[PDB]
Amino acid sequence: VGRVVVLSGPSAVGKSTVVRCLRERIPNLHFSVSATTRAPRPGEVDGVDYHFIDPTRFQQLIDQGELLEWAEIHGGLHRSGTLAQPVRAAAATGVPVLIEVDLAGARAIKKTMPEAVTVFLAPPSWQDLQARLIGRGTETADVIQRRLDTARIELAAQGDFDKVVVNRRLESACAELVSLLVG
């Protein structure tokens, strides 16, 4: 049975650096393809970038417990979520699965799919995260303050996850996740 790993952590901890390392290192890694009710942008492929479905069909899927998690996007402009069945099929076939979601999405998946391993990508220190939130200093004080408070709140979620990987270094954070994904 394929392992299913749900990767999350703070907004702006550096998650997507790691994700692409994962996809190069594990050749058959199934990266979950979210369902969405928005329309395709040019170059997007149904089945690959998203599963493009209509709102009504998406509501059926909600109603029938077919989404491991879902959210309203941009205040309900449209919806996106993770379909259960492709993940379960991939795992039954023996292929590893990675699902990248925010913290609310990870919590919802732990209820709908308890055998999924939730992993929190933590910064190596508060100072490392803070330096990246401040960044080039292009944002206002009020926005930065909000970012810092958000980060401290997100960081307190980390104890609920099955595992924590500390993002001390790209190559090892990636390595720890490879070992998780292929046992």
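From 1 onward, residues are counted along the sequence shown.
A.B. asks: Would you determine, from the values in the PDB entry, which of 71 to 79 and 98 to 106 has the greater average C-alpha temperature factor?
C.D. replies: Per the deposited B-factors, the answer is 71 to 79.
A.B. asks: Would you mind comparing 147 to 155 and 60 to 68 for me and telling me which has the higher average C-alpha temperature factor in the entry?
C.D. replies: Per the deposited B-factors, the answer is 60 to 68.
A.B. asks: Once the chain's modelled residues are ordered by C-alpha B factor and cut into thirds, is residue 174 in the lowest, middle or highest one?
C.D. replies: Ranked within chain, residue 174 CA B lands in the lowest tercile.
A.B. asks: Taking the C-alpha B-factors as the PDB entry records them, is residue 117 in the lowest, middle or highest third of its chain?
C.D. replies: Answer is middle: the recorded C-alpha B-factor places it there.
A.B. asks: Divide the modelled residues of the chain into thirds by Cα B-factor and specify which third, lowest, middle or highest, holds residue 124.
C.D. replies: Its C-alpha B-factor belongs to the middle third of this chain's values.
A.B. asks: Per the entry's values, where does residue 7 land by CA temperature factor relative to the rest of its chain, in the lowest, middle or highest third?
C.D. replies: Bottom third by C-alpha B-factor.
A.B. asks: Mind checking which third residue 132 falls in for C-alpha B-factor across the chain?
C.D. replies: Residue 132: CA B-factor falls in the highest third of its chain.
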